[PDB]
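Undergrad: Just to be clear, this is only the beginning of the complex, oriented as in the whole thing:
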Amino acid sequence: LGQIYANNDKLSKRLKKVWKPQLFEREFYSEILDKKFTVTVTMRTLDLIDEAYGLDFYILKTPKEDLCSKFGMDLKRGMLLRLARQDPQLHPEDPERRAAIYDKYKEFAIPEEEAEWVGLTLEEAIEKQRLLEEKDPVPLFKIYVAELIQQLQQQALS
Amino acid sequence: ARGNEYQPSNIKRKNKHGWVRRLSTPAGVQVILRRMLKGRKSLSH
Amino acid sequence: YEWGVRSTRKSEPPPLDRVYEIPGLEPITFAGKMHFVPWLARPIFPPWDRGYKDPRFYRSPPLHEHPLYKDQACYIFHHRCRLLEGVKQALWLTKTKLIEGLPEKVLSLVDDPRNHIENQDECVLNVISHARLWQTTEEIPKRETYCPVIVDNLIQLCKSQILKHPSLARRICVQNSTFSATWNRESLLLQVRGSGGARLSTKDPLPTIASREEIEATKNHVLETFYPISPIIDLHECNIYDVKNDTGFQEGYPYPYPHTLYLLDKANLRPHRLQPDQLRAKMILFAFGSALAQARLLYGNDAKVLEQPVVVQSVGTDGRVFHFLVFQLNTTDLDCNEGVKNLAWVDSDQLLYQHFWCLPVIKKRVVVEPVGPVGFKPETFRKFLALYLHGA
């Protein structure tokens, strides 16, 4: 979203100009996810995938800023979680193939506790944390019973 | 001839300047927010 | 060309979040928040079941699962069906032969002046005047008001003949009676669910009008057919129906034999009023339905020529014009087009009066037509009284 000088001379009128990328619809197969995605894409993205030698490599290599796509970061989280868990759901009944894939993408593996939070927006992370730490309050009956039993045990011992 | 432009009707009043219509759009929500910031007793009509 | 424009069709749901397409991860939705937020994934909510069951919030499970749903489609005729071909279609459906004019057996019951009501014309004129002008504080009563009034007042006027005819004590005019009758016609199963109103019940069955010879002579008569209109047109084609024959009353009811079906077309609006031909068709069908329910109750549910034909009368009126019908059901073997055929005598478009002036028309301050009925025809009332007195 910028502006240009008509006829590319600064002494001419200044005009609002929007340059848009040429978008294509393409189907990509993810080895780690064993799924085909139809994704609106740019020729730049196709070239980057070629340089990375595959969609999975492109997703796992490109950082958040360069990827600049919530879908891309969700794919990254899915692939990273798959690698961290070594999920047998990757090509079930084909453990050799699953091991081959995981070995191919071994260098990107990270702890699952970290792969869970990859690519999450701040609000999504906040919701995840709230869900993790939400607990229906324990009735004070249980707490007071535990305390009373503990105190009675101490008194009996003493 | 002029002066009596206000022909009161509670239906039009509420449908045009009410709380629900004010909240119906971001511009109206900002109207309410400005009234709240100014401290108006009557935020909506 | 498809009816219903897209902009009016229900909007397509928004596309699912791409997060739901990634096998390994559990999307973070606002379901936990218990409210929508635009920056979280939209939950996929399980269908809710505890609703759509409570009364006042019911759903009526699909038609296929209803107890009476049947693959074979019946064609019902209810009070609000208007036959395209009218009398011809009714005759074909009921396997009936038409006879213009009422039978002499009934028409003779009023020839002798003893049956004639004392001050008959005076009383009938008063009844018409009350129905059409004096009924209400309003200057011009509507049809919805003056049709039932005229019918009921005429019925009372006829009932006043209890003096001469003590047999009139063995009858009663019931209201809101509803009968049901099912029968086959060339592999098509037809039903009539007659609701109408003002069914005249008698403790004794009506005498038959047609003799054995005439009933047999109906065999030669060929049932008029009409093409490309099928006889089913304008009949409610329905898969949820009951084949039971209902006479409209519990067993043991006094006055079990139908005598007259009083059908009134009291709708204020002409489009909501039956045409005369369609009203006659409805009369034929309802008389046939009552007679068939009676026959199925008496001689069992067997398709056969009736040894004792069942006679049912019907008067169908719009408050001014009347139609008189006497239907003799003499066969329950309706499936075939051949054999003895039921037979109906119809007297059509018997207008009691041709116009009523509710206000006095004045031209140049001169009264041209005085207030009241004009063109009153006592012949129609004689026919009405004859039908009422039949069987007594």
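TA: Arrived safely. Numbers count the residues shown, from 1 in each chain, chains lettered A, B, ... in the order given.

Undergrad: Going by C-alpha atoms from here, please, whenever you check contacts or count neighbours.
TA: OK.

Undergrad: Might you enumerate the residues of chain A proximal to chain C?
TA: A:33, A:71, A:74-75, A:77-79, A:81-82, A:123-124, A:127-128, A:131 (C-alpha under 8 Å from any C-alpha of the partner chain).

Undergrad: Looking at these, which are in helices?
TA: Counted as lying in helices by DSSP state H, out of the residues of chain A next to chain C, are A:71, A:74-75, A:77-79, A:81-82, A:123-124, A:127-128, A:131.

Undergrad: Let me know the closest of the residues of chain A next to chain C to residue C:3.
TA: residue A:71 (39.0 Å; C-alpha to C-alpha).

Undergrad: ok, the closest one - contacts?
TA: C:18, C:19 (C-alpha atoms under 8 Å, 6 or more residues apart in numbering or on different chains).

Undergrad: ok, the most centrally placed residue in chain B - contacts?
TA: Nearest residue to the geometric centre of chain B (C-alpha atoms, centre = their mean): residue B:17, 2.9 Å. The contact partners of residue B:17, by C-alpha under 8 Å, 6+ apart, come to B:44, B:45.

Undergrad: quick revisit: now, of the ones in helices among the residues of chain A next to chain C, which are buried?
TA: In these, burial by neighbour count holds for A:71, A:74, A:75, A:77, A:78, A:79, A:81, A:82, A:124, A:127, A:128, counting by 16 or more other C-alpha atoms under 10 Å in any protein chain shown.

Undergrad: Let's add chain D too:
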Amino acid sequence: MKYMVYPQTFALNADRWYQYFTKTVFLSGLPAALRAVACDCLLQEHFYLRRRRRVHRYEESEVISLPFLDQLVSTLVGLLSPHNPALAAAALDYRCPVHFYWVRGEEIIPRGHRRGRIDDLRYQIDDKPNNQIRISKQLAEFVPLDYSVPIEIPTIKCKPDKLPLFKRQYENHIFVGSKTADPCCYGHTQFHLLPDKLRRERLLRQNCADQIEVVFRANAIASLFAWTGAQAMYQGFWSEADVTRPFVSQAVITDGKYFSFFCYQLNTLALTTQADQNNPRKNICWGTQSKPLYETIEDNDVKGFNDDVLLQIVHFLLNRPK
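TA: So that you can see how it sits with the rest, here is chain D on the chains above:
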């Protein structure tokens, strides 16, 4: 603006209030094939007739008792016509409206720009008796005009508003059930069906047992006064030209099971203050306690059918003009 007097009313002591509004003294008392027919109608409307739609207790009145009462009246009129020739020529009306409008008393306008000015108290009864019989020959008197009775008309110190009773302004109508042009202008008998809102069960739950008879009595007083007053005004009498002959009519008021019977003689149309200052006459209404026609109906049987109720109905229908 006029008070809407409702014959069938939920108000307590409405019978007393209507006695005052009408200048009516209420007096307790009076001035086999038919049984088969009555049982037949009852069983027809309760058991024999097959109902496609379930009948709800909020509509039992209108869908059972109203057809039942219609059948009773019509069939009984037919059967009693031989024994009452006038009943042959009578016009039988189904829910034909009965309107009466009269002035009774005066009030000082309490408030507003018309404060302190004298305004007549106007009343309107808009009744729609379930059935009624109109004849061309007036019935005989129940007691001579100017008949004095020791009982005094109730005195109401409070405004009619205090009895739940409200003012509206609409057409003032005087209607006997048919326009003045109708020759059958006198009233013979009315048949009233108390609506579901006034069920005996609801009345017993809410208020005393005497309130049921109060409801019946108020309905009788109001409806019969309206009918006889409309008859008189059709004959040309009004407050300033009072009736020279008393105007009589009968009514039977039923809840479907319980029936009560009332005779009403209107002697006065001079109800306004000006015409009533020195008017000794007063309208009279004889009434009977409500009695059950039957005790209960099980399946196909009517248990406890009371013959006296049917006899009273027959007696009313057999009343003749002279």
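
Undergrad: quick recheck of the contacts of residue A:71 now chain D is there?
TA: Neighbouring residues of residue A:71 by C-alpha under 8 Å, 6+ apart: C:18, C:19.

Undergrad: how much space between it and residue A:59?
TA: Separation of residue A:71 from residue A:59 (C-alpha to C-alpha, to the nearest Å): 10 Å.

Undergrad: Confirm for me that residue C:71 is in contact with residue C:237.
TA: No - look at residue C:71 against residue C:237 with C-alpha atoms under 8 Å: they stay out of range, at 11.8 Å.

Undergrad: Tell me which of those two has more neighbours.
TA: Set side by side, residue C:71 and residue C:237 show more neighbours around residue C:237, with 16 against 10, by other C-alpha atoms under 10 Å in any protein chain shown.

Undergrad: residues touching the more buried one, list them.
TA: Residues in contact with residue C:237, defined by C-alpha under 8 Å, 6+ apart, are C:73, C:74, C:75, C:76.

Undergrad: How about the secondary structure of it?
TA: strand (DSSP: H, G, I helix; E, B strand; the rest coil).

Undergrad: Bridged to it, which residues?
TA: Beta bridges link residue C:237 to residue C:75, judged by DSSP bridges.

Undergrad: Need the contacts of residue C:237 in JSON lines (columns: neighbour count).
TA: Shown next, in JSON lines, are those (neighbours: other C-alpha atoms under 10 Å in any protein chain shown):
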{"residue": "C:73", "neighbour count": "16"}
{"residue": "C:74", "neighbour count": "24"}
{"residue": "C:75", "neighbour count": "21"}
{"residue": "C:76", "neighbour count": "23"}
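
Undergrad: go ahead and place chain E:
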Amino acid sequence: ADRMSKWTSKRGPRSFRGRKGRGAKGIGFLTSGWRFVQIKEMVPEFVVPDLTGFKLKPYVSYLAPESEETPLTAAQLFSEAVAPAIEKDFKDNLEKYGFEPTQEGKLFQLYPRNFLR
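TA: Now chain E, sitting on the chains shown earlier:
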């Protein structure tokens, strides 16, 4: 034009005046024909006790001694209601002592509260 006066059912046209209420809690519903069906169970039933023989009175004699306020607490209630039984059975499954795992199944559920006052 009056923005400051409270909005009530006395103000709008006929529809507004009918629709708005005064806070009275609902008692039933409306069926076809605007017939109101009152549900008995929706009507608050006043559970009024028998006061005959009751010795307490609206007021207390000034001769009564002053005391120190000790608002009841969960700990105090537990000590005064459960601790005795717990001790007597420990010296010698908490439902036996009173604890209920869940409020569902009770007529008077403590949370979400489902009873008046």
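
Undergrad: can you check the contacts of residue C:237 again with chain E included?
TA: Contacts of residue C:237 (C-alpha under 8 Å, 6+ apart): C:73, C:74, C:75, C:76.

Undergrad: Help me confirm that the third one comes into contact with residue C:236.
TA: The reference is to residue C:75. Yes - counting by C-alpha under 8 Å, residue C:75 touches residue C:236, with 5.4 Å between them.

Undergrad: between these two, what contacts are shared?
TA: Between them, residue C:75 and residue C:236 share no contacting residue, judged by C-alpha under 8 Å, 6+ apart.

Undergrad: Okay, the nearest residue to residue C:356 once chain neighbours are set aside and chain B: tell me how far apart.
TA: Using C-alpha to C-alpha, 6 or more residues apart in numbering or on different chains and skipping the chain neighbours, the partner closest in space to residue C:356 is residue C:373 (4.3 Å). Applying C-alpha to the nearest C-alpha, to the nearest Å, the value for residue C:373 to chain B is 51 Å.

Undergrad: elements contacting the host helix or strand of residue C:373?
TA: Assigned by DSSP states H and E, residue C:373 belongs to strand C:372-374. For strand C:372-374, the packing partners by 3 or more C-alpha pairs under 8 Å, 6 or more residues apart in numbering or on different chains; DSSP states H and E come out as helix C:120-129, strand C:355-357.
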